[PDB]
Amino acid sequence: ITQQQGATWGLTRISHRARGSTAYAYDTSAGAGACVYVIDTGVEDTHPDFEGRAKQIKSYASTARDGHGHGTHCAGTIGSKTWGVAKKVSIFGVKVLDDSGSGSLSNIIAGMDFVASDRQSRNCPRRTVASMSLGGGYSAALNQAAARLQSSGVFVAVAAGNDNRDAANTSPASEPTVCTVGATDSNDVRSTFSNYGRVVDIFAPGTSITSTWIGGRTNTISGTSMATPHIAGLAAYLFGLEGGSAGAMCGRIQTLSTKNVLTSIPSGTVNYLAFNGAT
């Protein structure tokens, strides 16, 4: 167990039962041997903070690289050296959204099955994760694709949505079999924009999260898209430390989670906050 001093709040929060720490405590295994696919606007794999552990390998949009930054930020929270949860994990960028931030249903689905097939040919001994920080209106097609990816042996973490309503009307968030992620702020209050409801499985840091950005810079933004990679990284971390299965990982994260500390969690929604068991 090592301690990253002065780490960004999201990392400090998932490594401690209570607010107050300025450090990120985590096991040195740091997710080594695990793989995390980021289905978003792409990942600027040239960012120095990835130490070459990130690779943008597929695009279904107009361009082939992340010209927005959203996907790079999520990738950064997953495993960048300075802002990441699993600092030694391998990251793969799958671009399904154009640089504006939008993409077709067909391309989003195609991004999911691509992960399902590609991960089979990659050396990912500890296991594979799919991080989906995207969420539009309800879509059976999106839910089915996410379900297929999950069933194929990949742990899928998806954003709950930012409509401040039940995530039942958001996809892939509404898919029962995936791990749906809500967002919280540094004072343990549900993010003002975070969706909720029975379909949400876990909450993680999502308000004012700092991470990698395009141009080799950094940025601080908010959204369930920021909370999702905390969970994606946590699973990669657990895979590399205690192992586990893709099908039991969401439940494992719920079991380990810090309970009853969040404010504004309506009855019927789980008051579970991501915890890595490092302290």
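In case it trips you up, residue 1 is the first one in the sequence shown, and so on.
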query	finding
Of 140-148 and 180-188, the one with larger mean CA B-factor	140-148
203-211 versus 113-121 - greater average Cα B-factor per the deposited record	113-121
Residue selected from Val38, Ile253, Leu241, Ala227 by maximal Cα B factor	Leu241
Given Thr82, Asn164, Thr72, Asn169, the residue at which the Cα B factor reaches its maximum	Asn169
Chain-wide C-alpha B factor ranking for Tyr26, given as lowest, middle or highest third	lowest
Chain third (lowest, middle, highest) by recorded CA B-factor, residue given as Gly33	middle
Assigned third (lowest, middle, highest) for the C-alpha B factor of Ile231	lowest
Position of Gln3 among the chain's modelled residues by C-alpha B-factor, lowest, middle or highest third	highest
Assigned third (lowest, middle, highest) for the C-alpha B factor of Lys259	middle
